[PDB]
Amino acid sequence: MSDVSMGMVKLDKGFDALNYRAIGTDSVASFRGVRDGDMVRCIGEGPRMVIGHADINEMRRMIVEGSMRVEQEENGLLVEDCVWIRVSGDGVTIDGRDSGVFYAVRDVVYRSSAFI
Amino acid sequence: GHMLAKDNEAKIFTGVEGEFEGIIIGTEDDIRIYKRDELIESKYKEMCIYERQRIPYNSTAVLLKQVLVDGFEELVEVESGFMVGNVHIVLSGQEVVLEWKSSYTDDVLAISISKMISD
């Protein structure tokens, strides 16, 4: 079982207290733990950190699902002839100089991310 | 629903025993764990989101600091702008550029910033 790493382990009851949020169809949570044997146990509280998966194509599609026109370029996505979405190695930058669309873009990105 | 495994069984492949700080991902099909230190290498990662709001303003930088002080606790003035909490505030002509972090608290105080400059 530890050939690749471990695989199937027991989750401790403490995890049930963690702050769960759901990205798409997945549910995510952050925790600090000690790993001993087949047992996974929480020793602490997962820091509050956005985690997710950033794909420029997926975000664009989801934006269009809100009835917004998006343009695809090297720098990211231009929505409604003004929203700027720029992708960084460990994060994303959104530019609010849109007319009343920022909230929509913030929603889309958070559909691919979660505060855990 | 009810399409999961044992509710106390999960699949974890990174960085195993020894102390580890990890994250749990559960889908309608599968429960899996990654080690946070290892996680940054996976298709899933910690992301810092910078969101910029440009706000029309009729007053001066000194006045902005003054209005911010009215609501705020911690307002720090910096060489190139103002910083409230982890929010970067800079005045640019008759518009203020608000840039702030992904973090829950950072939005909330930033919202307070927005109303200060708004009205």
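Method information in the entry identifies solution NMR as the source of the structure.

Moving on, we get to the sheet that holds strand 8 (residues 87-92) of chain B. Spatially, the nine strands line up as an open sheet ordered 6(A)-7(A)-8(A)-9(A)-5(B)-9(B)-8(B)-7(B)-6(B), and their pairing is mixed. Both outer strands of the open sheet, strand 6 (70-73) of chain A together with strand 6 (76-78) of chain B, are each paired with one neighbouring strand and no more. Each neighbouring strand pair of the sheet contributes to a mean axis angle of 20 degrees, computed without reference to strand direction. Relative to strand 8 (residues 84-88) of chain A, strand 7 (residues 76-79) of chain A runs antiparallel, the two sharing three bridges. The residue of strand 8 of chain A that forms the bridge with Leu-78 of chain A is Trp-84 of chain A. Against the sheet, helix 1 (residues 56-64) of chain A contacts strand 6, strand 7 and strand 8 of chain A, and its axis sits at roughly 170 degrees relative to strand 6 of chain A. Contacting strand 6, strand 7 (81-84), strand 8 and strand 9 (95-100) of chain B, helix 2 (residues 61-71) of chain B runs over the sheet at an angle of about 10 degrees to strand 7 of chain B.

Residues and elements named next belong to chain B. Contact geometry for helix 2 and helix 3 (residues 104-118): axes closest at 9 Å, N-to-C directions at 130 degrees. Between helix 2 and helix 3, the angle falls in the class oblique. Considering how the two elements wind past one another, helix 2 and helix 3 form a crossing that is right-handed. Along the contact surface, helix 2 presents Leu-64, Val-67, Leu-68 and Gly-71, while helix 3 presents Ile-113, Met-116 and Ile-117. Class assignment for the residues of the contact of helix 2 with helix 3 results in six nonpolar, one polar and no charged.

With that settled, the discussion passes to the domain arrangement of chain A. All names here are of chain A. For chain A, the assigned domains are domain 1 (10-45) and domain 2 (50-115). Centre-to-centre separation of domain 1 and domain 2, based on C-alpha positions: 29 Å. Carbon and sulfur atoms supply 66% of the area buried between domain 1 and domain 2, which totals about 420 Å² over both sides. In terms of surface lost to domain 2, no three residues of domain 1 exceed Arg-21, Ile-23 and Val-28, which account for 83% of the buried area on that side. Between the two partners, domain 1 and domain 2, sit zero salt bridges. Run the count over domain 1 and domain 2 and you get three residue pairs in polar contact.

Looking now at the packing of helix 1 of chain A against helix 2 (residues 102-111) of chain A. All names here are of chain A. Packing of helix 1 against helix 2 brings their axes to within 9 Å, and their N-to-C directions diverge by 130 degrees. Our classification of the angle between helix 1 and helix 2 gives oblique. The hand of the helix 1/helix 2 crossing is right-handed. Seen from helix 1, the contacting residues are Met-59, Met-62 and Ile-63; seen from helix 2, they are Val-108, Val-109 and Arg-111. Taken together, the residues that form the contact of helix 1 with helix 2 break down as five nonpolar, no polar and one charged.

The subject of this paragraph is the interface of chain B and chain A. Counting from both sides, the interface comprises 41 residues of chain B and, opposite them, 49 residues of chain A. Interface area, chain B with chain A, both sides summed: about 4,100 Å², of which 58% is carbon and sulfur. When the buried surface of chain B facing chain A is broken down by residue, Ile-24, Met-47 and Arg-52 of chain B rank first, second and third, together holding 16% of it. Taken together, the links from chain B to chain A amount to three salt bridges. Across the pair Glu-51 of chain B and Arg-106 of chain A runs a salt bridge whose closest N-O atoms are separated by 2.6 Å. Our count for the chain B to chain A interface comes out at 25 residue pairs in polar contact. Every element with two or more residues in the side of chain B that touches chain A is listed here: strand 1 (9-12), strand 2 (18-26), strand 3 (31-35), strand 4 (45-46), strand 5 (48-56) and helix 3 of chain B. Residue classes in the side of chain B that touches chain A are distributed as 17 nonpolar, nine polar and 15 charged. Across four bridges, the pairing between strand 1 (residues 7-11) of chain A and strand 1 of chain B is antiparallel. Residue pairing across strands places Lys-10 of chain A opposite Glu-9 of chain B, the latter belonging to strand 1 of chain B.

Rules and cut-offs
Residues numbered from 1 in each chain as written, not as in the entry; some residues may be left out. Chains lettered and ligands numbered in written order. Heavy atoms only, no water. Pairing = 2+ DSSP bridges. Helix = DSSP H or I, 4+ residues; strand = E, 2+ residues; numbered from the N terminus. Axes fitted to C-alpha atoms, helices over the stretch in contact; angles between N-to-C directions. Contact = heavy atoms within 4.5 Å. Parallel < 35°, antiparallel > 145°, perpendicular 65-115°, else oblique. Left-handed = near helix turned anticlockwise from the far one by under 90°. Nonpolar A, V, L, I, M, F, W, Y, C, P; charged D, E, K, R; others polar. Domains from an automatic or database assignment. Buried area = accessible area lost by both parts, 1.4 Å probe. Salt bridge = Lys/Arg side-chain N within 4 Å of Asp/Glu carboxyl O. Polar contact = N/O pair within 3.5 Å; in protein donor to acceptor, adjacent residues only side chain to side chain.

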